[PDB]
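J.: The following block contains the structure, expressed as structure tokens.
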Amino acid sequence: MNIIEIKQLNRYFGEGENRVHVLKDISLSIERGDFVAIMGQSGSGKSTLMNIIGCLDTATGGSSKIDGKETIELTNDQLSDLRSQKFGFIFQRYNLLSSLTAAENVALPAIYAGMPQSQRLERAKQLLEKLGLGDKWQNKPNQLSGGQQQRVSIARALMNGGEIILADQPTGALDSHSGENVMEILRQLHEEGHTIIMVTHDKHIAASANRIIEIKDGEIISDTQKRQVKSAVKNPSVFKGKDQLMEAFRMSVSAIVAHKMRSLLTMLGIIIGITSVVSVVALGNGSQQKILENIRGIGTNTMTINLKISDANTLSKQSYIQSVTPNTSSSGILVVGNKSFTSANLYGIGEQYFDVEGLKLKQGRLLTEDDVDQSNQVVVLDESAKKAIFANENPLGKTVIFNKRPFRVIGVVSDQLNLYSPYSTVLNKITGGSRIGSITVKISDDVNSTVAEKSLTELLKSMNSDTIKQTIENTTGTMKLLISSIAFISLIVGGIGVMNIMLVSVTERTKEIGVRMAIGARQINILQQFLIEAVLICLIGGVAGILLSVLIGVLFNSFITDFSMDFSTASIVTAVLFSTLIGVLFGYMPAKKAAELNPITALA
Amino acid sequence: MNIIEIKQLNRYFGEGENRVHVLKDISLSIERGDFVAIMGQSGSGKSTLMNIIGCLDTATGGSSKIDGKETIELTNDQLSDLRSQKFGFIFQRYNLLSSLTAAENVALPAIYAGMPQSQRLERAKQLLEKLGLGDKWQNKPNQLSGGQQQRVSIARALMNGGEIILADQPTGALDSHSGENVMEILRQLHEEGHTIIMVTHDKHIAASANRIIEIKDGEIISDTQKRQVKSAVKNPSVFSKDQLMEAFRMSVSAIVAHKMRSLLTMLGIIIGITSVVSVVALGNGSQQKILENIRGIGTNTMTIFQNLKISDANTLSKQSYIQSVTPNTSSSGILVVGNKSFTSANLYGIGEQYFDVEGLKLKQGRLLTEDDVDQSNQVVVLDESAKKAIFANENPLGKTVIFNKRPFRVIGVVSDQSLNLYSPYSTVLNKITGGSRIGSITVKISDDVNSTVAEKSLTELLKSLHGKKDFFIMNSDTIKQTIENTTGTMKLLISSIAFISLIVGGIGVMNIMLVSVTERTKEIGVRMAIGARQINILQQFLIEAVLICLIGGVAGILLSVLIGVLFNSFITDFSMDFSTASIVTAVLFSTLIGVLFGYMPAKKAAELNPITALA
Ligand SMILES: Nc1ncnc2c1ncn2[C@@H]1O[C@H](COP(=O)(O)OP(=O)(O)OP(=O)(O)O)[C@@H](O)[C@H]1O
Ligand SMILES: Nc1ncnc2c1ncn2[C@@H]1O[C@H](COP(=O)(O)OP(=O)(O)OP(=O)(O)O)[C@@H](O)[C@H]1O
Ligand SMILES: [Mg+2]
Ligand SMILES: [Mg+2]
């Protein structure tokens, strides 16, 4: 019967007293296949009505029915179908996408309809031939005149061949010639069974119409028909209960390439929120290695203990003991030159004593295994007892006399008169007797301290100094807190860094969605390309991230001598899975809230 | 004679093959005061010529002279004057500022002309009356119909009363009534001596002109005059505190209009401060605890291992680069308690402050006082180990020992770090060994003085009072080493992560800023076309920065403060100890960068041709 049936339709804008009655109880039935012109004084409610017809706004009250189906009661996907295939909207202000070419802007409504890419551009190119723009099919909106942008918009409305053609002042910026050709086009579509509803001020234009309504002050004044109207049986209907994503992907890429700055900055914001987190964890763990090492080297942790050499032999066969020393001393008198140093000390020590006490080799060598087996008369000198006896001259080789008994100096060591000879030499050639003073062991770095104090009580029956092993465990807990709490900062920092740039750059195209929704796209078609726009830009900025920090580590480890930046593969994972799980969340959230607005509200 | 003189004017766009010849050797002299209508096909070059006349574009080649003065040779502020006072431009696409009301948009061109704000709104309101929008003077562009937007544009163009009115399809979205009223307005201004150049497609509109030019394919086909032009009297030429006081008011409204952009940018600089500051202060705090844990593992000392007098060690202690001093002298002998008789014990004859020099701390009882060393007392302080062995697990305070058949009264115990015993040096040189010569002198080097400086400062300071040898100075300073060695490592740590976190949050501001302001390069192109001078842009975009920079700065320095308080409260261990040098550095950096990236873009826009900015 009718194709559009509007009864009691009211419309308000504003808050009140800031509110205005814009469409007032207007009741309008438009007959299928008619050619209608709507005229009226500027600001009378014409564009407002056109929107509620094309399902871009929604009326405050009253019914509006397309092919008798109440519009408000349709579903959101059902509406997107109408906008793709029954309606073909020519916007007053033409509403192109600025980043797309002319042709690309025309074909866009036909991607969401789902025709092959090759078919689109040839048709889109023909529509731009019919409307005089075949010359300018590659120009973008801002490379065209207004009258050209207008015709681009006209072509788009005709791309999906919609039954109805809503045309809001579609001649406005056009000369008489270009404007007639446009009326030629619309007339022939009327002739092929299309329905035309056209707002215009030019009368010659309105003459092509068989019906002419006049609106004034939100109400409808005139209603004129030249002829009766041919009857028409309604088209079947346009309702659609994988390739969709191939297209969504292509859109997302072109979108990203179009907005090089927003994209590059966005991804550069993810790049940092990774390399910053990663570089502080790796600088932190590198300065901890050195600091703990600088502490371990200030002295060792040891356990000084019927104590014969087979005790200290089996004691050295553990992995919780890394070195051992039999001990025995002597109090006597030395001689070099005429001088005779009295009450010197000759410490009878073990193979590994200079490892057990962390004394490091200055000059020459330390007591070898041959020296302790043969009870050699060779002495390693204390740094101090070496400078005092030999002034500032090489003492290597030269001899001393402890208890009228020669000793050949073989080396020097550090500190914490002192002399170091084997225990075999002091118990054979200085004191006699087979009993030794004590046994000292160097407890490992990893094993627990108070565990071994009771693991040695057990293992021998079958005192210990450990203040380094304390201030080690004590400063590893401080370096943990430090690294841990600055990693937490740099991570919260660079997440908010992503959020900001992502929130800004996306909301900055809420009108792009509003166009996409008006031209047929379904809600889900938006989320497709805006997720793909995020992950695609997040996991390129992530890759760039993990291997920009790598390059920083190399640069650091090359020029820096003090300590090495040692990376953590846990931080890498954390920082990446965080900076993308946050960038994707804030690239989707805003695009969705837009896609679920009334297109006109999104269009402002 | 002529008010506009355009000879040989050419114009191109693009890069061949993408290049197009748009205005082709067009010569056109327009007589002062005329009413001219330009017509032609869509995309023939009409809007392009209109822009070149109104000084929004500039021709590729040829001359274009307003009042006989060549335009390209004018200065960038001389042009900005023309656009405010000679031209009144009605844009094809109406080009309103979306965040301003209808009235605010119409008055704007009168800021940069410099008229008081109370007169602007009343005139702007009147222009909207004359054009029918007095009803809607508070509506923002997106609360208006297209035709209403159009009339707001027309109103704005008539706000500075410019001599020439360039109208690019001024009636296109208007019914015939509104459209005619607009023609009525233009016609009257013509009568009042204005000059009108109007692009249109409607012919009834074109009739209200005495001169009608038709352009096609960038050339001029038609040139018609109905009546001769009324003779022309040339008009007079038209070429900071307030200026700024207004710019500030624009910047505040601008900021409030873009609440998200603003809050996020300022939140961006908030972090770029609190992050830098909270890592400098977490780092310095953990250094304090780490360096302390090291210093507390032992001291640094210089033992001067005869010719060695107590007056040497007496003068030695009177420095500020020496904190304590000890005379030394030992004894090897035999002890007795009960029936037991411990062989080869050790009795260390030591000084008043020996337990501060080696950092040994007091367990129980007391240490050797000044009375004991002055009287050569027979009192001994016991080693923790030589205390537990001799007295099992019983209080040793008071009870006696016998070193070389000579009693000694125990007075206390010590920390540690054969049997070790501590007695005064006066007691060992009088009551155990005899002789007046001592073993050595040990000094405790101060924490702040350099080590190898003092090793050569005591060689000097003691030589000055004769007594050498010995001076065979040893120096145990491996603690003093492994503090300087980890303070350099903690320096490189806090220094390089403070550099990271700083460069991090500087880019974070750049991103959000470099987007936010380029996001309004068209807003500038409008302001430039509608009168503003180059400097007028930089004014409100600097004030937009500093005003949003030093609020997010204040927010930053005191958000970090609150984090510190939270950290120092819940964490026992190292305290977050702030630096007033980082506070300054971080703030003066995150604002100098946010201001540099708020200004840079705005200034690059404001020097583009207004039309190239409008795209
Ligand atoms: N940036 C650009 N690059 C290439 N060509 C351009 C560019 N801008 C405009 N053009 C072309 O130059 C011509 C200039 O048209 P102009 O802007 O003068 O429109 P017009 O003649 O007023 O048309 P209308 O009446 O439709 O507004 C057009 O043919 C247009 O396609
Ligand atoms: N968001 C809004 N808030 C308040 N009022 C509005 C809003 N949008 C539109 N209006 C008002 O509602 C009326 C309807 O405007 P509409 O766009 O329908 O005009 P129109 O009939 O298309 O006229 P034109 O021929 O100028 O396009 C106008 O008076 C306008 O001022
Ligand atoms: Mg309209
Ligand atoms: Mg134009």
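J.: Conditions first: (1) within 10 Å of chain B (Cβ to nearest Cβ); (2) β-branched (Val, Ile, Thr); (3) farther than 30 Å from A:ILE443 by Cβ. A:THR467 passes all but one, so which condition is the exception?
T.: Just one mismatch for A:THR467, condition (3).
J.: Quick check on B:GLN149: is it within 11 Å of ligand 2 (Cβ to nearest atom), part of a helix (DSSP H, G or I), within 14 Å of chain A (Cβ to nearest Cβ) and within 26 Å of B:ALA247 (Cα to Cα)? Give the steps one after another, and end with the answer.
T.: Working: within 11 Å of ligand 2 (Cβ to nearest atom): yes; part of a helix (DSSP H, G or I): yes; within 14 Å of chain A (Cβ to nearest Cβ): yes; within 26 Å of B:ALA247 (Cα to Cα): yes.
Yes: the conditions hold for B:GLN149.
J.: Would you mind finding the one in A:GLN78, A:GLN41 that is within 14 Å of chain B (Cβ to nearest Cβ), surrounded by fewer than 23 Cβ atoms within 10 Å (Cβ to Cβ) and away from ligand 4 (no atom under 16 Å from the Cβ)?
T.: Numbers: A:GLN78 fails: within 14 Å of chain B (Cβ to nearest Cβ).
When all the criteria are applied, what remains is A:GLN41.
J.: Looking at the structure I just gave you, is B:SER501 more than 7 Å from every other protein chain (Cβ to nearest Cβ) and more than 30 Å from B:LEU56 (Cβ to Cβ)? Even if it seems obvious, please write down each step before you answer.
T.: On the way: more than 7 Å from every other protein chain (Cβ to nearest Cβ): no; more than 30 Å from B:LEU56 (Cβ to Cβ): yes.
In short, no.
J.: Provide a single number: the residues in the range B:167-185 that are out of contact with any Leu (no Cβ under 9 Å at 6 or more places or on another chain) and away from every other protein chain (no Cβ under 12 Å).
T.: 2
J.: May I ask you to list the residues in the range B:360-388 that are within 14 Å of chain A (Cβ to nearest Cβ), within 60 Å of the chain's Cα centre (by Cα) and buried (at least 18 other Cβ atoms within 10 Å of the Cβ)?
T.: If the condition is that a residue be within 14 Å of chain A (Cβ to nearest Cβ), within 60 Å of the chain's Cα centre (by Cα) and buried (at least 18 other Cβ atoms within 10 Å of the Cβ), then B:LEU360, B:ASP383 are the ones that fit.
J.: Which residue out of A:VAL324, A:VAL335 is buried (at least 16 other Cβ atoms within 10 Å of the Cβ), of a type in the set (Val, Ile, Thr) and either within 57 Å of the chain's Cα centre (by Cα) or within 21 Å of A:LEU427 (Cβ to Cβ) (or both)? Quick ask: steps written out before the conclusion?
T.: Details: A:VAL335 fails: either within 57 Å of the chain's Cα centre (by Cα) or within 21 Å of A:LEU427 (Cβ to Cβ) (or both).
Unique residue meeting the criteria: A:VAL324.
J.: Within the range B:133-144, can you find the residues that are within 16 Å of ligand 3 (Cβ to nearest atom) and surrounded by fewer than 20 Cβ atoms within 10 Å (Cβ to Cβ)?
T.: Within the range B:133-144, the first condition is being within 16 Å of ligand 3 (Cβ to nearest atom), and the residues that meet it are B:133, B:136, B:139, B:141-144.
Those that are within 16 Å of ligand 3 (Cβ to nearest atom) and surrounded by fewer than 20 Cβ atoms within 10 Å (Cβ to Cβ): B:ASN142, B:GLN143.
J.: Separate question: Can you confirm whether A:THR101 is within 41 Å of the chain's Cα centre (by Cα) and either away from ligand 3 (no atom under 16 Å from the Cβ) or not assigned by TED's automatic domain parsing to the domain that holds A:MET261 (or both)?
T.: Working: within 41 Å of the chain's Cα centre (by Cα): yes; either away from ligand 3 (no atom under 16 Å from the Cβ) or not assigned by TED's automatic domain parsing to the domain that holds A:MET261 (or both): yes.
Considered against the rule, which asks whether it is within 41 Å of the chain's Cα centre (by Cα) and either away from ligand 3 (no atom under 16 Å from the Cβ) or not assigned by TED's automatic domain parsing to the domain that holds A:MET261 (or both), A:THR101 comes out as yes.
J.: Any idea which of B:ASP25, B:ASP57, B:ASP34, B:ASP67 is under 46 Å from the mean Cα position of the chain (by Cα) and either away from ligand 3 (no atom under 16 Å from the Cβ) or under 28 Å from A:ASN142 (Cβ atoms) (or both)?
T.: Working: B:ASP25 fails: under 46 Å from the mean Cα position of the chain (by Cα); B:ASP34 fails: under 46 Å from the mean Cα position of the chain (by Cα); B:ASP67 fails: under 46 Å from the mean Cα position of the chain (by Cα).
Step by step, each of B:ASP25, B:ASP57, B:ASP34, B:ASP67 is checked, and only B:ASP57 is under 46 Å from the mean Cα position of the chain (by Cα) and either away from ligand 3 (no atom under 16 Å from the Cβ) or under 28 Å from A:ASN142 (Cβ atoms) (or both).
J.: Could you run through the range A:152-166 and say how many residues are within 14 Å of another protein chain (Cβ to nearest Cβ), within 16 Å of ligand 3 (Cβ to nearest atom) and not polar (S, T, N, Q)?
T.: 1
J.: Condition (residue is over 23 Å from B:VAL233 (Cα atoms), within 16 Å of ligand 4 (Cβ to nearest atom) and acidic (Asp, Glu)) applied to the range B:92-105: is it met by at least one residue? First the steps, then the outcome.
T.: Of all residues in the range B:92-105, those over 23 Å from B:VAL233 (Cα atoms) come to B:92-105.
From what is left, the residues that are within 16 Å of ligand 4 (Cβ to nearest atom) are B:92-95.
Subsequent filtering for residues that are acidic (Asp, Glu) retains none.
No; the residues of the range B:92-105 include none that is over 23 Å from B:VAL233 (Cα atoms), within 16 Å of ligand 4 (Cβ to nearest atom) and acidic (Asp, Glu).
J.: Now a separate question. Which of the residues spanning the range B:490-545 are of a type outside the set (A, V, I, L, M, F, W, C) and within 16 Å of B:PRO610 (Cα to Cα)? Can you show your working first?
T.: Initially, the range B:490-545 is screened for residues of a type outside the set (A, V, I, L, M, F, W, C), giving B:491, B:495-496, B:501, B:505-506, B:508, B:511, B:516, B:518-523, B:525, B:527, B:531, B:533-534, B:536, B:539-540, B:544.
B:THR518, B:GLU519, B:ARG520, B:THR521, B:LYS522, B:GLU523, B:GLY525, B:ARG527, B:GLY531, B:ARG533, B:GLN534, B:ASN536 - these are the residues of the range B:490-545 that are of a type outside the set (A, V, I, L, M, F, W, C) and within 16 Å of B:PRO610 (Cα to Cα).
J.: Checking B:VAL504 against (1) within 38 Å of the chain's Cα centre (by Cα); (2) in the same structural domain as B:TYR321 (by TED's automatic domain parsing); (3) not charged (D, E, K, R); (4) not in a loop (DSSP other than H, G, I, E, B), which single condition isn't satisfied?
T.: Every condition holds for B:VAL504 apart from (2).
J.: Moving on. Looking only at residues that are touching a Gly at 6+ places or on another chain (Cβ under 7 Å) and within 12 Å of another protein chain (Cβ to nearest Cβ) in the range B:11-27, which one is surrounded by the most Cβ atoms within 10 Å (Cβ to Cβ)?
T.: So, considering only residues that are touching a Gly at 6+ places or on another chain (Cβ under 7 Å) and within 12 Å of another protein chain (Cβ to nearest Cβ), the one surrounded by the most Cβ atoms within 10 Å (Cβ to Cβ) is B:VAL22.
J.: Still on this structure: For the range B:420-454, what are the residues that are part of a loop (DSSP other than H, G, I, E, B) and among the hydroxyl-bearing types (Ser, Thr, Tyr)?
T.: Step one: list which residues in the range B:420-454 are part of a loop (DSSP other than H, G, I, E, B), which gives B:432-439, B:446-450.
Hits for the range B:420-454 are B:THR433, B:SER436, B:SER446.
J.: May I pose another question? Could you list, in sequence order, the residues of the range A:470-498 that are among the aliphatic types (A, V, I, L, M), closer than 14 Å to A:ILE274 by Cα and at the interface with chain B (Cβ under 7 Å from one of its Cβ atoms)? Don't jump to the end; show me each part of the working.
T.: Step one: list which residues in the range A:470-498 are among the aliphatic types (A, V, I, L, M), which gives A:472, A:479, A:481-483, A:486-487, A:489, A:491-493, A:496, A:498.
Of the ones still in play, those that are also closer than 14 Å to A:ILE274 by Cα are A:486-487, A:489, A:491-493, A:496, A:498.
Listed by number, the residues that qualify are A:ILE486, A:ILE489, A:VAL493, A:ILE496.
J.: Please go through (1) surrounded by 15 or more Cβ atoms within 10 Å (Cβ to Cβ); (2) within 22 Å of A:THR467 (Cα to Cα); (3) touching a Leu at 6+ places or on another chain (Cβ under 7 Å) for B:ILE432 and return the number of the only condition it doesn't satisfy.
T.: Among (1) surrounded by 15 or more Cβ atoms within 10 Å (Cβ to Cβ); (2) within 22 Å of A:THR467 (Cα to Cα); (3) touching a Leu at 6+ places or on another chain (Cβ under 7 Å), B:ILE432 violates only (2).
J.: Does the range A:559-566 contain at least one residue that is away from chain B (no Cβ under 14 Å) and either away from ligand 2 (no atom under 16 Å from the Cβ) or under 28 Å from A:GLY520 (Cα atoms) (or both)? I'd like the intermediate steps shown before the answer.
T.: Our first condition is that a residue be away from chain B (no Cβ under 14 Å); within the range A:559-566, this holds for none.
Checked against the condition, which is being away from chain B (no Cβ under 14 Å) and either away from ligand 2 (no atom under 16 Å from the Cβ) or under 28 Å from A:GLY520 (Cα atoms) (or both), the range A:559-566 yields no hits at all.
J.: Quick check on my filter: what residues within the range B:293-309 are surrounded by 18 or more Cβ atoms within 10 Å (Cβ to Cβ), away from every other protein chain (no Cβ under 12 Å) and on the phi > 0 side of the Ramachandran plot?
T.: none
J.: Which of the following residues is closer than 22 Å to B:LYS234 by Cα and within 16 Å of ligand 4 (Cβ to nearest atom): B:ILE197, B:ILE215, B:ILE164?
T.: Numbers: B:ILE215 fails: closer than 22 Å to B:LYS234 by Cα; B:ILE164 fails: within 16 Å of ligand 4 (Cβ to nearest atom).
Unique residue meeting the criteria: B:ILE197.
J.: Kindly state which helices (runs of 4 or more DSSP H) lie completely within the range B:530-615 and contain at least 2 residues that are of a type outside the set (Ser, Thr, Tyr) and surrounded by fewer than 16 Cβ atoms within 10 Å (Cβ to Cβ).
T.: On the way: elements: B:534-570, B:580-606, B:610-613.
Counting at least 2 such residues, we get B:534-570, B:580-606.
J.: Taking B:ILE524 as the residue in question, decide whether it is within 24 Å of B:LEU264 (Cα to Cα) and crowded, with 22+ Cβ neighbours inside 10 Å. Walk me through how you get there before you give the answer.
T.: Numbers: within 24 Å of B:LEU264 (Cα to Cα): yes; crowded, with 22+ Cβ neighbours inside 10 Å: yes.
It is true that B:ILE524 is within 24 Å of B:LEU264 (Cα to Cα) and crowded, with 22+ Cβ neighbours inside 10 Å.
J.: Out of A:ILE30, A:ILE52, A:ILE3, I need the residue that is among the aliphatic types (A, V, I, L, M), under 28 Å from B:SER176 (Cβ atoms), more than 14 Å from chain B (Cβ to nearest Cβ) and more than 12 Å from ligand 2 (Cβ to nearest atom). Which one?
T.: Working: A:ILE52 fails: more than 12 Å from ligand 2 (Cβ to nearest atom); A:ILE3 fails: under 28 Å from B:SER176 (Cβ atoms).
None of the others qualify; the one that does is A:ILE30.
The values are calculated or read from the model by the stated rules, or taken from the named source; none is laboratory data. Note that each Cβ is placed from the backbone with ideal geometry, even for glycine, and that neighbours are counted across all protein chains shown.
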